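So you can see what is in the structure, the chains are spelled out below.
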Amino acid sequence: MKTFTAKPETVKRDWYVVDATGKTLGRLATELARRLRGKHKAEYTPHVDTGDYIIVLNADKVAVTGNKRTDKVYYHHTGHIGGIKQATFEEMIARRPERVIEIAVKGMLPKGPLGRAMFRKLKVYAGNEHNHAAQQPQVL
Amino acid sequence: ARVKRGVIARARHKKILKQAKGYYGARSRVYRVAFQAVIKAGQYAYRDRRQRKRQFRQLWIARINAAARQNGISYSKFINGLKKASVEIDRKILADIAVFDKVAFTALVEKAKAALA
Amino acid sequence: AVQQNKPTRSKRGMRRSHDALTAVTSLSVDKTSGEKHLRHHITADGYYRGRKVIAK
Amino acid sequence: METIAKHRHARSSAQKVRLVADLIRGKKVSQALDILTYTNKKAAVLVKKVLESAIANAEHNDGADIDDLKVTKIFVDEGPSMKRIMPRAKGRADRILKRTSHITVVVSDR
Amino acid sequence: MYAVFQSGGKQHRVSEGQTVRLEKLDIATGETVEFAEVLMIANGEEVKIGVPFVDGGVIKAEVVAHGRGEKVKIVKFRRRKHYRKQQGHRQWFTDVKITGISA
RNA sequence: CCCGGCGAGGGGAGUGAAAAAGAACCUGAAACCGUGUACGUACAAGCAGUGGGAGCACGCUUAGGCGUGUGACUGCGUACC
RNA sequence: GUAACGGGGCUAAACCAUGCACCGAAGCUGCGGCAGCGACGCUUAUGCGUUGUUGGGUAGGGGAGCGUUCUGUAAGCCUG
Ligand SMILES: [Mg+2]
Ligand SMILES: [Mg+2]
Ligand SMILES: [Mg+2]
Ligand SMILES: [Mg+2]
Ligand SMILES: [Mg+2]
Ligand SMILES: [Mg+2]
Ligand SMILES: [Mg+2]
Ligand SMILES: [Mg+2]
Ligand SMILES: [Mg+2]
């Protein structure tokens, strides 16, 4: 018959907990981006709706390799003309890891709709274990 | 002494016009489609089926490189272990073992890991 | 401003989307257990309650 | 014919009239108006006329005085479309098909 | 236990599975002669002893069943330039079934 | 015979082998225009397909991994003369 | 309008040296099939199986055919 496993509409979701307190920073994104798609996954034919479910912790412990601790363009221009452009170096932004840096995965995903389905939907935080505002249940 | 083109006239247009998909607008309704589009279909088709043999291979290795490495030795080293054998050489394609017979596959990564001199 | 090939079918059949008509929905008002028209009281006599236009 | 009436020509296009028709089906009959008399679109004034003519055929072709009935069918078909020309950019963008339909109303038993 | 081998393509993924393959040689008809495959075996691969090789001791092969070696398939397949058309052609095989006992 | 303006137009009944032959009348295609149903579709960029492809609607078979429709998501990728 | 790594991003994901391994084309090999020529096996007008090899190429040359209208074979055959 037509081979292609269907799209059970994001059938299963395996929960996980990275550490981010590591030393890989930017390298980690890939195995973080591959995961929310169909990396470790075999069946659940990607391309179509899908994903997984992992979560970041502190993450505040990153340095990148070279002097990237001091670079990284970063600007979040707005629909305001009048000459805006908000450039802030990485360390300048690392003061409060928000929608960025830890969120380096967004630029690594299919982008637009559906990819957008995974997006921040992995949670980030910046303190590891304490009062996990996130779902405490099953994780690895 | 009668061309009376009408006679095959119809059959020809109807033939190509027979593009079920309809595609879009003039691409079915108007004869204009045929050698413009029905022809493209033939062209785009001509290359994709044969160019596809690799597009899947690129996927096959894309997953082997993603499966075998997680348990030591990258895809680069993998086939190299595997490479050494008298009969041990079963190609990829079935290489998707990582999806159904993980135990086999990881039991196959040793066939290479421990194999690499 | 000339055009060149145009698909009568499909296309246009799409612009027609923004062309369907619409429905009202209004009351009868206390007296007329029906008409009342739209936000009016009633045309039968054109009265909201008495001597307005023509009534008792 | 199980009391019909239908139409032909007049001119009011298909989809135009096919819209108002959907409004009336199922119950209908006693709905000779209101679900029609309270909707103004040309298509409406046309379906009602034939609606009544149809419900009227309930005193001639068959019995069953007007009160029961159902109106289990209402469908409009494309009727021959008139052709005309239209002066425009020297004569290129001109086709104009007037289009027309009917209604074909029915009234059977539930 | 799983299965594995080549012979005209690595077609031996499925365990026993009874799937088509190639053809004997002199003739096809059915019956059998009892042809063990070879130790291409994934060690059979199937038990607490899934093994990288397949090589898990000498001699390990399954006997061929020889279920049904016939049939064909037909596929038009016709090319044509702008002045010709080899359009008219056909080449097929029968791929003998074979059920294959246990590993 | 019945609706209607003693309209137009139609619905029955009857003629007929047929009116799915009613005078617009043989056969009646295409463009073009509609009603109905299955699926897709209101955060997504481009010759609109092609390759891959899940889901859904039906159809499968004493499963056996399929047929028809539709096609989310995705690699490609600027009509013909 | 980044626009002098294709982008990402890189302190080595740069370079230099050394070596192994892997990816990678219609190249080669494997398997099946087509056609021309030389051979081989025979068979032997001949022909077929094995084999070596040759088969990118608009103008253009050569060679085979389809399907259509009409004629013979046809008051034969098919058909209310
Ligand atoms: Mg002609
Ligand atoms: Mg795949
Ligand atoms: Mg008028
Ligand atoms: Mg012009
Ligand atoms: Mg729907
Ligand atoms: Mg089919
Ligand atoms: Mg353009
Ligand atoms: Mg290759
Ligand atoms: Mg030919």
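- Chain C is annotated in the PDB entry as 50S ribosomal protein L32 of Escherichia coli.
- Word for word, the UniProt comment on chain C under Sequence similarities is "Belongs to the bacterial ribosomal protein bL32 family."

- Under the annotation held in the PDB entry, chain B carries the name 50S ribosomal protein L20 and is attributed to Escherichia coli.
- Quoted verbatim from the Function field of the UniProt record, the comment on chain B reads "One of the primary rRNA binding proteins, it binds close to the 5'-end of the 23S rRNA. It is important during the early stages of 50S assembly."

## Let's talk about the packing of aromatic side chains
Next, step 1: Using the criterion set out here, one finds 3 aromatic pairs over all chains in the structure.
Next, step 2: Look at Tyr-31 of chain B and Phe-35 of chain B: their rings are 6.4 Å apart centre to centre, the planes differ by 65°, and that puts the pair in the edge-to-face class.
Next, step 3: Among the residues examined, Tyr-31 of chain B registers a relative accessible area of 34% and is labelled partly exposed.
Next, step 4: When the ring centre of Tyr-75 of chain A is taken as reference, the NZ or CZ atom of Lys-85 of chain A above it lies at 5.7 Å.
Next, step 5: Note that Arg-13 of chain E overlies the ring of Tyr-2 of chain E, its terminal NZ or CZ placed 4.0 Å from the centroid.

## Here we look at the protein's contact with RNA strand G
Next, step 1: With respect to spatial proximity, 15 residues lie near RNA strand G, and among them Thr-65 and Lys-68 of chain A, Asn-80 and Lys-83 of chain B together with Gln-91 of chain E are the closest.
Next, step 2: In RNA strand G, atoms within 4 Å of the protein come from the sugar-phosphate backbone in 89% of cases.
Next, step 3: With respect to RNA strand G, the backbone of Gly-66 of chain A contributes an N or O atom lying 2.8 Å from a phosphate oxygen.
Next, step 4: A distance of 2.4 Å separates a sugar or linking oxygen of RNA strand G from a polar atom in the side chain of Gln-91 of chain E.
Next, step 5: The element that contributes the greatest number of residues to the surface near RNA strand G is helix α4 (residues 75-83) of chain B, accounting for 5 residues.
Next, step 6: Of the residues in the surface near RNA strand G, the class split is 4 nonpolar, 6 polar and 5 charged.

## Description of the interface of chain C and chain B
Next, step 1: With 4 residues of chain C in contact, the opposing surface of chain B contributes 4 residues.
Next, step 2: Across the chain C/chain B interface, buried area totals approximately 300 Å², and carbon plus sulfur atoms make up 59% of it.
Next, step 3: When the area that chain C buries against chain B is broken down by residue, the three leading residues are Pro-7, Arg-9 and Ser-10 of chain C, summing to 78%.
Next, step 4: Summed over the shared surface of chain C and chain B, the number is 0 salt bridges.
Next, step 5: For the side of chain C that touches chain B, the class distribution of residues is 2 nonpolar, 1 polar and 1 charged.

## Thoughts on the interface of chain B and chain E
Next, step 1: Contacts between the two partners involve 15 residues from chain B, matched on the other side by 15 residues from chain E.
Next, step 2: Carbon and sulfur atoms make up 62% of the area that chain B and chain E hide from each other, which totals about 1,300 Å².
Next, step 3: Looking at the side of chain B facing chain E, the largest losses of area belong to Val-87, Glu-88 and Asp-90 of chain B, adding up to 40% of the total buried there.
Next, step 4: Scanning the region where chain B abuts chain E turns up 0 salt bridges.
Next, step 5: Along the contact surface separating chain B from chain E lie 3 residue pairs in polar contact.
Next, step 6: Going through the elements one at a time, α5 (97-100) and α6 (102-113) of chain B are the ones with two or more residues in the side of chain B that touches chain E.
Next, step 7: At 6 residues, the largest contribution of residues to the side of chain B that touches chain E is made by α6 of chain B.
Next, step 8: Residues that form the side of chain B that touches chain E fall into these classes: 9 nonpolar, no polar and 6 charged.

Rules and cut-offs
Shown numbers run from 1 along every chain as its sequence is written, which may differ from how the entry numbers residues; residues without coordinates are omitted from display. All chains are assigned letters beginning with A, and all ligands numbers beginning with 1, in the order in which they are written. The displayed chains are a subset of a larger assembly; all values refer to this subset. Calculation of side-chain values draws on the structure's entire complement of heavy atoms; hydrogens and water are dropped beforehand. UniProt positions are given in the numbering used here, feature names are shortened, and annotations may be inferred rather than shown by experiment. The rule is short: rings of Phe, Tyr and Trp, with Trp giving its six-membered ring, pair when the centres are within 6.5 Å, and they are stacked under 30 degrees, edge-to-face over 60, tilted in between. Working definition: with a 1.4 Å probe on protein chains only, accessible area under 20% of the residue-type maximum means buried, over 50% means exposed, and in between means partly exposed. Only when the NZ atom of a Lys or the CZ atom of an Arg is both within 6 Å of the ring centre and within 35 degrees of the ring normal do we say a charge sits over the ring. Here a residue is considered near a molecule or strand provided that any single heavy atom belonging to it is located within 4 Å of it. N or O atoms closer than or at 3.5 Å make up a polar contact, with two conditions inside protein: a donor-capable atom paired with an acceptor-capable one, and, for residues adjacent in sequence, both atoms drawn from side chains. Helix and strand assignments come from DSSP, with helices taken as H or I runs of at least 4 residues and strands as E runs of at least 2, each series counted from the N terminus. Residues were grouped as follows: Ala, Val, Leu, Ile, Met, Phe, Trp, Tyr, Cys and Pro as nonpolar; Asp, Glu, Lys and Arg as charged; and all remaining residues, including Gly, as polar. By definition in these notes, contact holds between two residues if any of their heavy atoms fall within 4.5 Å. Two parts placed together each lose some accessible area; with a 1.4 Å probe, that loss summed over both constitutes the buried area. For salt bridges, the criterion is a side-chain nitrogen of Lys or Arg within 4 Å of an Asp or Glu carboxyl oxygen.

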